[PDB]
Every structure is written in C-alpha cells, then in structure tokens.
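Take a look at this single chain, the form deposited in one PDB entry, given in structure tokens.
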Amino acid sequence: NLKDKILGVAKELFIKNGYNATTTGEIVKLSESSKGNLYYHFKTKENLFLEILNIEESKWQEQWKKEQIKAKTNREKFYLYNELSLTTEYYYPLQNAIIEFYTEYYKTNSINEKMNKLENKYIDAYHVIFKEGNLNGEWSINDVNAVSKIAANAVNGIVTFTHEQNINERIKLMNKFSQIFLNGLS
C-alpha cells in the first residue's frame, strides 16, 4: 500500500510545510516510493493533493455519520453540523495548505472542476438534513438543492471570515445564524 503510504506522508508534509514548499521529491523519498510510482498514481502534485482532500472529505462524512446520532430531529442535526464545521476548522491542520492550494488554482477550470465535485460532497450533508426534514414535517422546502447550496456557503462564510472574535462569540453567532435560517423556512 505505498499509494496509501504516499498519501499519508504527503498529508503530513503538506501539514508541516504547506502546499507550495512540499516537493514531490520529499514525498518520494519519505514514503520510500519513486517518481514513477507517484506519477502512475496521481500524475501531479495537484492531483495528489486533491486526492488527499477527498480522503479527508470521506473521513469527515464517516465522522458525521457517527456524530449525527446525537441529534434526534433534523432541526438539531442542522444546528449541530454547523457548530462542528466551525469548531473543527479551528484546529484543522490541513486548513492552511488548503487555503494555499485553493487560492492558487481557483483560476484553473481543470482543478476547479474536481474542486466542485468535492465541494458538492460536503453539501450533500445539508441536502440529506433538508430532505429528511421534509419527510418529518420539521419544515417544508421544495428546493432542497438550492437551500442546501445556500446553507453550505453561508455557513462556510461564517466559519471563514470571523476567526478573530473569541471562540465562544463565534459559536454563539453560528448558533444564532442556525436559528434565523431555520426559522425562515416555516
């Protein structure tokens, strides 16, 4: 599983030194693989990275699946998931390498394409919550996909453009948002 070993070493290198400074050379030697093996599995560093991001997205889903059982109703799942997105990124190691990578390829439709497939995976969480909320009379939404992209992006905005305020303040605003939003659906 040196494909797996490469993803691992790469994740760590990226975390320690960021996207730009990490060279496939380091990855090659530290994972005891080769330029060729690395080329055959990911073709480029960008792809390698995107690959990691999907693995990460997967772990996040897996995590959410276990964590969402703490929330009985969908209203609750909405409140909870948003809180998680805020508190977890506070200490997500890849966070900084992602920003680096993102704000460096959002100009390439090639990379930008896959970047959306990934983004869409994170949006499904909402889609599910919303779909389920319907089938339980918690709310009635006839445009799930829509409200889903909206929630996703609104929430990511609160997580991304607030950092400085103290952590409780943020959690507070987020929960406030989760309230206002959920309220304007009934």
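When you see a residue number, it is the position in the sequence shown, counting from 1.
The same protein also has a form deposited in another entry, omitted here; what follows describes it.
Treated as two rigid bodies moving between this form and the one not shown, the chain carries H41 and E104 on a single body. Relative to what is shown, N47 and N145 are farther apart in that other deposited form; their C-alpha atoms differ in spacing by at least 3 Å. Shown here is a form in which the CA atoms of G157 and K107 lie at least 3 Å closer together than they do in that other deposited form.
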